[PDB]
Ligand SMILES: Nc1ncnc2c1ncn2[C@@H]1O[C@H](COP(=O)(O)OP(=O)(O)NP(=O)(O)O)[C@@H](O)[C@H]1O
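For reference, the chain that follows is the form solved without the ligand, supplied as structure tokens.
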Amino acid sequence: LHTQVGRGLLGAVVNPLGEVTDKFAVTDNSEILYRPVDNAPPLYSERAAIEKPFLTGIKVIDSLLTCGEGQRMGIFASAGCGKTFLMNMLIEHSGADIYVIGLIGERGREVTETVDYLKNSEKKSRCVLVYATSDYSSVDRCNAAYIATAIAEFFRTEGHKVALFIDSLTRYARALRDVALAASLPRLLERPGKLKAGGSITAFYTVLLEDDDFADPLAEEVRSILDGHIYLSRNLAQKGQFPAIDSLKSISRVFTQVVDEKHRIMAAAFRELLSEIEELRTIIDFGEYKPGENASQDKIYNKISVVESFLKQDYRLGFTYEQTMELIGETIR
């Protein structure tokens, strides 16, 4: 099985057969080539070490969860936790050369929502969208993930810094299970990375949490395979914190490899402040907080608003690395 690749797909919407069915942008490049959708992962000796940050423009991620070029990062959330808006922010406020989105959704309205977003995005000329809805077979739903990854791999071989999004691994795995009935990952999940001889694919895989923010077996397996995970808390969403990232239950496993020492120090001091705030929140809920009785508790209390203001981010705003580190420094003062 082969699929179209190349710069002529920039601005295009591609179906699970690999054909263009819609456009959210038009470009002057018409390059169309063909590649197999199944390809072995790089050899260990062809991979470069993850050592350069992949900046997202999102304050909490760039400061506490810093991604690296070539990393695979999970995004874990229940329904209604802002996963799609977080992906929109990751596309809009990062600095990749090319974005490849693979939607393994179920209803055509979600695909159309992503198409309309891209139609109004500043990144439209550098995106490719691959989709499969519930109307498509399970074979077609798995193939959409493979097509998206093969397109990203072509741009990586050209030298580009590519961001790949697969939404969602949960529905990919459900379709894979259905296909297995008729008769895989991490073979899919190990295809991203930075190549010594080429560019990089930095990949974000979404995982749905069922019921509360509970990790079914698939979620545990995915978390073990990836280089980190961002957890979106329904509880933080209902309190009105957007992005609803729970940084104390999130991790980038490459963090200390991609930021410098002064950043490490600031991030550790901020995380210690967040933990102190969570303990104080419980003490408040227990009715045991009385102003003036404990000066360290009062100091923590008076940090809550500045901390919340650092974590909060309008989805239309992106922050440079220098701005983010300036702000986190002000917060821990």
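Numbers for residues come from their place in the sequence shown, where the first is 1. Only residues modelled in both forms are compared. Here, rigid core means the biggest group of C-alpha atoms that superpose within 1.5 Å across both forms.
Across the other entries compared, none leave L181 without coordinates where the residues on each side are present, so it is far from a third. Checked against the other entries of this protein, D211 counts as unresolved in at least one third of those spanning it. Where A79 is followed by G80 in the displayed chain, the model omits none of the deposited residues that would sit between the two. Mean CA temperature factor is higher for 108-116 when stretches 159-167 and 108-116 are set side by side in the entry. If you average the C-alpha B-factors over 33-41 and over 267-275, the higher value belongs to 33-41. As recorded in the PDB entry, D135 shows the highest C-alpha B-factor of the residues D227, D97, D135, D260. Across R253, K249, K239, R191, the greatest Cα temperature factor reported in the deposited entry is at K239. Among all modelled residues in this chain, the alpha-carbon of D62 has a temperature factor (C-alpha) in the lowest third.
Per-chain ranking of the deposited C-alpha B factor places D28 in the highest third. Looking at the C-alpha B-factors along this chain, the one for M325 belongs to the middle third. When all modelled residues of the chain are sorted by CA temperature factor, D140 is found within the middle third. Ranked by C-alpha B-factor against the other modelled residues of its chain, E288 falls in the highest third.
The next section is about a form of this same protein that is not shown, the form solved in complex with the ligand.
Heavy atoms within 4.5 Å of the ligand in the bound PDB entry are found in one stretch of 185-193, 238-246, 220-228, 125-133, which is 238-246. None of the heavy atoms of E322 is located within 4.5 Å of the ligand in the bound PDB entry. For the chain shown alone, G82 is a contact residue for the ligand in the bound PDB entry, at least one non-hydrogen atom being within 4.5 angstroms. Under a 4.5 angstroms non-hydrogen atom cutoff, the ligand in the bound PDB entry has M89 among its neighbouring residues. Contact annotation: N15 falls outside 4.5 Å of the ligand in the bound PDB entry, judged by heavy atom distances. With the partner omitted here, the residue from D116, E110, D216, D97 that has a non-hydrogen atom within 4.5 angstroms of the ligand in the bound PDB entry is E110. Of the residues in 299-333, those that come within 4.5 Å of the ligand in the bound PDB entry through at least one heavy atom are, in sequence order, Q313, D314, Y315. After fitting on the rigid core, only one stretch of 3+ residues whose CA atoms all move by 2 angstroms or more between this form and the one not shown is found, at 212-214.
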